[PDB]
Protein chains: 2
Amino acid sequence: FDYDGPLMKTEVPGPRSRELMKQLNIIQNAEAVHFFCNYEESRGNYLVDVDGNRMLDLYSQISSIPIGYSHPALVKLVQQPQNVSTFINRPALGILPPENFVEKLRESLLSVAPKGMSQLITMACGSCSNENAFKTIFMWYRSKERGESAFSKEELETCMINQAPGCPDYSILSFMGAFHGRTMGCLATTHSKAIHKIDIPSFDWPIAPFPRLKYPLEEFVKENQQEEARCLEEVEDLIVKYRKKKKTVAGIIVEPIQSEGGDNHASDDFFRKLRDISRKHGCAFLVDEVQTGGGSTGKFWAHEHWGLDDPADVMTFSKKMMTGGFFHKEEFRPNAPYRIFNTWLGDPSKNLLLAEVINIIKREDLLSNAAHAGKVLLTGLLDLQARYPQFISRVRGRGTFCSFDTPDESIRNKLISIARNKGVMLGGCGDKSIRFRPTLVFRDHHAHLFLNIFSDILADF
Amino acid sequence: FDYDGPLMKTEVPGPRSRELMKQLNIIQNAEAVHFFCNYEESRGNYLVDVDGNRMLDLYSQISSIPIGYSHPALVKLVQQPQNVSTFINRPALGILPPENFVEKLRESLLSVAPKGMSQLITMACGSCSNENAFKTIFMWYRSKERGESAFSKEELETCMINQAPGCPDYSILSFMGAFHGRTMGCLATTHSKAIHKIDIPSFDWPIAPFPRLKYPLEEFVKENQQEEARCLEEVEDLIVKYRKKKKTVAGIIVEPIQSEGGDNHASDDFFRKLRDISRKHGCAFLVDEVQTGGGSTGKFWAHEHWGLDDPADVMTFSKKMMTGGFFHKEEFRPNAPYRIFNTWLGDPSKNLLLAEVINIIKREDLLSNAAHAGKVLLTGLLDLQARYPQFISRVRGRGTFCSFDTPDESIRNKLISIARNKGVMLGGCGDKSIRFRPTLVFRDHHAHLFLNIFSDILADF
Ligand code: FES
C-alpha cells in the first residue's frame with residue numbers, strides 16, 4: 001500500500017536510465033526526459049526508477065496521477081473479466097456508445113458537476129477540451145447574434161473556404177502567464193514561456209494582465225487590491241477595444257491558479273469580479289480546471305472556493321480526471337450534431353477508472369485530507385521561508401497546490417536536482433519557482449518527511 | 001473469433017437503444033448516436049447492439065478497429081498480470097517514460113516506419129498528430145530561414161504576445177474536400193462539410209482543388225490526366241501567390257485518399273508530382289494517413305503504393321494504429337525540447353495493444369488479405385452498378401477502402417438505414433456516397449454476405 005520512505009541507490013538519472021535515454025534520443029529529441037521508470041514497482045506516493053531508486057513523488061506526472069501509483073482498487077478493476085471488453089474495444093463514442101455509457105457517467109463525472117452546469121461532453125485531453133470549449137463558445141455567440149435563424153447561403157459558402165462571414169473574426173481573451181495547451185487554438189491563449197510559442201502562427205486575440213500579488217499577503221493587502229483592480233480595468237478595456245476592431249470577444253478563459261506560468265494566485269474577489277465583467281459584456285466565462293481540478297486545493301474544483309451559484313458558463317478538466325471534457329450550461333448546448341465531435345471523444349476505459357477514483361476520493365475523505373496535509377505542508381514552507389530568506393520567498397498555496405520562489409533559475413534547478421538525489425521529486429514552474437503537486441493519497445506524514453529532508457538540504461546548501 | 005452471419009431481432013435503433021438515447025440526450029446533444037452497443041458480445045466483424053441485434057460491421061467505429069471486436073490475442077494481453085500497471089499508471093511520457101518504452105516502440109510503430117523517416121513522436125489522436133506536425137513544419141521552415149542565427153530579441157518578445165516576427169504569418173496548403181481534424185489549426189485545413197466549419201474563426205491559408213476523377217477510369221484516361229495536371233498547376237500558383245502575400249507556405253498536407261470529403265481518389269502519378277512540387281518550393285510534404293493507414297488498402301501505409309523511396313517529410317497516423325503520432329525525416333527533428341510536447345503524448349497501454357495488433361497483421365498475412373477481400377468486394381459492387389444504374393454510380397476503391405455514389409443524400413441515407421435493419425452497418429461520406437471501412441479480419445466470405453443482402457435491398461428499392 002505505502003512504502004515507508006524513499007530509498008536511493010544511485011544518482012538520478014542512473015546508468016540504466018542514461019542508457020535508455022541514449023536509445024530514445026535516436027528516434028526523437030529526448031532532452032526533456034528526467035529518467036525512466038519502473039511503474040510496476042511504484043506504489044502510492046513513491047515512484048521507482050529503472051536503477052532501483054525509490055522517490056517520494058511530489059510532481060505526480062505533471063499533476064495527473066490522482067490516487068497514487070498501482071492503487072489496489074484500480075488493480076482490481078483491471079482484474080475483473082467483465083472489464084476486458086472496455087480495454088480492447090474502443091468505441092467511436094459520438095455514434096456508438098457502450099450500453100453502460102450513461103450509467104458510468106452518473107457514477108463519475110456527473111456526480112461532481114459544477115453548479116449551474118447540466119451539460120457534459122467528454123474529450124481525451126486538456127487541449128482538445130479547451131479547443132472544443134472555444135468552439136462551443138463561438139457557436140453560442142453566433143447563435144445569440146443570429147438564431148433562431150437558419151445559416152445563410154453566404155455563411156455556408158464562405159466557411160468552406162476559411163472566409164467571413166461563415167468564419168467569424170471573434171476572439172477569446174486570455175491572460176499573460178496562462179497555459180491552456182499547445183494545439184494552435186489553445187496556444188494562442190497560452191502565454192507561459194517563449195519556447196512554447198516561438199515560430200508558431202497565432203491569433204490576434206486580447207491578452208490581459210493577471211495579478212502579481214506581493215508577499216507576505218498580510219503586509220500588502222492594499223497594494224494587492226490595487227493590483228487586482230488595475231487588472232480588472234484592463235480586461236474591461238480590452239473587451240471594448242476588440243469590439244471596436246471588429247474582433248468581438250466571445251469568451252474569457254482563465255485558470256483558478258496559473259500553473260505552468262508560475263503558480264500565480266489571485267483572490268476569490270478578483271475571480272468573482274472577473275465573472276461579472278464577463279457576464280456584463282456578453283462574454284462566455286471559461287474556467288480551465290485541467291490542473292486545479294480533482295481535489296488538491298481541498299475542494300473538488302478550485303473555483304468552488306469563490307462561493308458562486310453561477311461560477312462559469314463552461315469548465316474544462318483533464319489530468320487527474322483521467323479523461324478530459326467540459327461541463328457547460330444548458331444554453332451552450334450545440335444546436336446540431338457533428339459540430340462538437342471527433343472519433344473517440346475520450347475513452348470508456350478512462351471513465352471506468354475515474355468512477356473508481358471518485359469512489360475512493362469520497363469514501364476516504366480525500367478532499368478534507370488535501371486541505372489538512374496541504375496546511376501542514378504550507379505551514380512548514382512558511383517556517384523554512386522564515387529561516388532561509390536568502391533561498392525561499394513568496395511562499396503561497398491552497399490545499400497541497402503550493403509553491404515558492406528561489407532567487408534565480410540556476411538555484412531553482414540546483415535545489416530540484418539535489419532534492420531528487422535525496423529521494424524527493426519536485427517540479428519547477430516559471431523562471432525560478434518550485435511547485436508541489438502531490439497525489440491525493442499524500443498525507444501529513446509525507447509532508448513532514450519532505451519538510452525534514454528539505455530542511456537538511458537548505459542547511460547544507 | 002467470428003459469428004457465422006448477421007442476426008436481426010428488431011428495427012435499429014431498437015427499444016432499449018431508444019431509451020438510452022433519451023437518457024443521454026439530457027446531458028448532451030445525442031442526435032449523432034446510431035444506437036447503443038454490447039461490446040462484450042461483439043466478436044470479429046460483428047457488432048451486437050443492446051437490443052440483441054447482430055450486424056456485420058463495415059464501418060468499424062469510423063475505420064478505427066484494426067482486427068475486429070474482442071480479438072482473443074488482445075483479450076490475453078489484458079488478462080496477463082504483468083500488464084496491469086500499464087493500464088492504471090499512465091505516465092507523462094515526455095518526461096518519465098516506462099522502462100519498456102523504446103522496446104515496445106520497436107515491436108510496434110518502428111517496425112512499420114515509412115521509408116526515409118527515422119524519427120517518431122507519439123500523440124493521443126489524429127488531431128493533435130496533425131497539429132504537432134504543422135508546428136514541427138513551421139519550426140523547421142523558420143530554422144531554414146534563420147539557422148545558424150539564434151532566436152532574436154524581437155522574436156522572443158513578440159511570440160509571447162501573439163505577434164510577428166515571433167509568431168510568423170506562415171500557412172499550410174490544404175485541398176478542397178480534405179479532412180484533417182477539428183481543433184482550430186486542423187480545422188483550417190479541413191474542407192469537408194459546412195457543418196464542420198461554420199461559426200469558427202479560421203486561418204487565411206491556401207486551398208487547392210483536389211482532382212475529381214471520372215469513372216469508368218478506362219474511358220477517361222486523357223481527361224483524368226488533364227484534371228490532375230490542372231490541380232497540380234493550381235497548387236504551384238497558390239504557393240507563389242501566398243509567398244507574395246507574405247504568407248509563405250511552409251508545408252502541404254494531403255490524404256492519400258480523401259475520406260470524409262467523399263472518398264476521392266487520385267493517381268499515384270499525381271501524388272509523386274505533388275511531392276516534387278512540394279520539394280521544389282521548399283514546403284514540407286505532410287501525408288495524413290490517420291484513416292488510410294493500417295493496411296486496408298493492401299499495403300500498410302497507403303502512400304506505399306506510390307513506390308517512392310522519399311514519399312514525404314512527415315506522416316501522421318491514428319485510428320487503427322490505436323495511438324496517434326507522426327513519423328518524420330531527421331531534418332525535421334525539433335532543435336530544443338518542450339516545443340513539441342503535451343502531458344501524455346499518447347498512452348503506453350495503446351502501444352501494448354498495437355504491438356500485438358501488428359504481430360497478428362503479419363502472422364495472418366492481413367495486408368494481402370485486404371487486397372483480396374477488397375477485390376472481391378469491388379467486383380461485386382461493379383456487378384451491382386451494372387444491374388442498378390438508377391441507384392449506383394462511380395464505384396471505386398483500393399483494397400477494402402471502397403465506395404460508390406447514390407443519386408442524392410436522401411436515397412443514401414435510406415439505403416444505409418435499410419441495410420442496417422437487414423444486418424449490415426455502412427458509413428456515408430460527402431453529399432451522397434456510401435463508403436466501406438471493414439476491419440482487417442474482413443474476408444471474401446463477408447464481402448459475399450454483404451453483396452447478397454444488398455442485392456436483395458436493391459431489388460425491392
Ligand atoms: S487533441 Fe486531445 S487527444 Fe489529441
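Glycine also receives a Cβ, built like all others from the backbone with ideal geometry; neighbour counts cover every protein chain displayed. Here, each number is a calculation from the coordinates, and none is a lab measurement.
Give me the distance in nm between label points sitting 7 Å out from Cα along the Cα-to-Cβ direction at A:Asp431 and B:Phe461, one decimal. The two pseudo-label positions are separated by 6.9 nm. Per residue, the protein assembly as shown reaches -12000 deg cm²/dmol at 222 nm when only DSSP H runs of four or more residues are counted, each adding -39500 (n - 2.57). Expressed as an acute angle from 0 to 90° and rounded to the nearest 10, what is the orientation of the C-alpha long axis of helix B:221-244 relative to the principal long axis of chain B? Relative to chain B, helix B:221-244 is tipped by roughly 40 degrees. Please work out the Cα center distance from the range A:219-237 to the range A:339-369, rounded to the nearest Å. The two parts, judged by their Cα centres, are 37 Å apart. If you take the alpha carbon atoms of the range A:71-365 and fit the smallest convex hull around them, that volume is 158 Å³ per residue. For GluC sites (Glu not before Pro), the sites in the range B:31-117 that DSSP calls loop and that have at most 13 other Cβ atoms within 10 Å are B:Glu31.
Modelled spin labels at B:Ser111 and B:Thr379, positioned 7 Å past Cα toward Cβ, are 3.2 nm from each other. Ordering of A:167-175, B:108-116 by packing is A:167-175, B:108-116, highest average first (other Cβ atoms within 10 Å, averaged per residue). In this structure, the residue pairs whose Cα-Cα separation is over 28 Å, taken from A:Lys104/B:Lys422; A:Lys246/B:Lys197; A:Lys299/A:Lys329, are A:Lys104/B:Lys422.
In order along the range B:106-120, the phi-based Karplus estimate (6.51 cos²θ - 1.76 cosθ + 1.60, θ = phi - 60°) of 3J(HN,Hα) comes to 4, 6, 10, 4, 5, 6, 10, 4, x, 4, x, 10, 8, 9, 8 Hz; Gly and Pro are listed as x. Classified by the C-alpha gyration tensor, the range B:58-125 has an oblate form. Its axis ratio a/c, with a ≥ b ≥ c, is 1.5 or above, and a/b does not exceed b/c. Label positions at A:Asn413 and A:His281, each projected 7 Å from the Cα along the C-beta direction, are separated by 3.9 nm.
The long axis of helix B:444-459 is offset from the longest Cα principal axis of chain B by roughly 70 degrees.
Of interest is the spacing of the C-alpha centroids, which for the range A:120-154 and the range A:162-198 amounts to 16 Å. Remark on B:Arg394: its backbone amide H falls under 5 Å from those of B:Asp405, a criterion applied only to residues 5 or more positions apart or on other chains, H modelled at 1.01 Å from N.
Near A:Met8, within a Cβ-to-Cβ distance under 15 Å, what is the net charge of the other residues, with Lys and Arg +1 and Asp and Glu -1?
-2
Using only Cα coordinates, the Kirkwood hydrodynamic radius of the protein assembly as shown works out to 28.5 Å.
Considering only A:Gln119, A:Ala312, A:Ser403, and ranking their Cα positions along the charge dipole of the protein assembly as shown that arises from unit charges at the beta-carbon of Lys, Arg, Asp and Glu, the one farthest toward the positive end is A:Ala312. Of the listed pairs A:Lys135/A:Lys280; A:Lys144/A:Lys244; A:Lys214/A:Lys319, which have alpha-carbon separations greater than 23 Å here? With Cα atoms farther than 23 Å apart: A:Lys214/A:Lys319.
The mean number of partner chain beta-carbon atoms within 10 angstrom of a residue's beta-carbon across peptide A:40-51 is 2. Converting phi to 3J(HN,Hα) with the Karplus coefficients 6.51, -1.76 and 1.60 and the offset θ = phi - 60°, the range B:75-82 yields 3, 3, 3, 6, 7, 6, x, 5 Hz in sequence order, with x at every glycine or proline.
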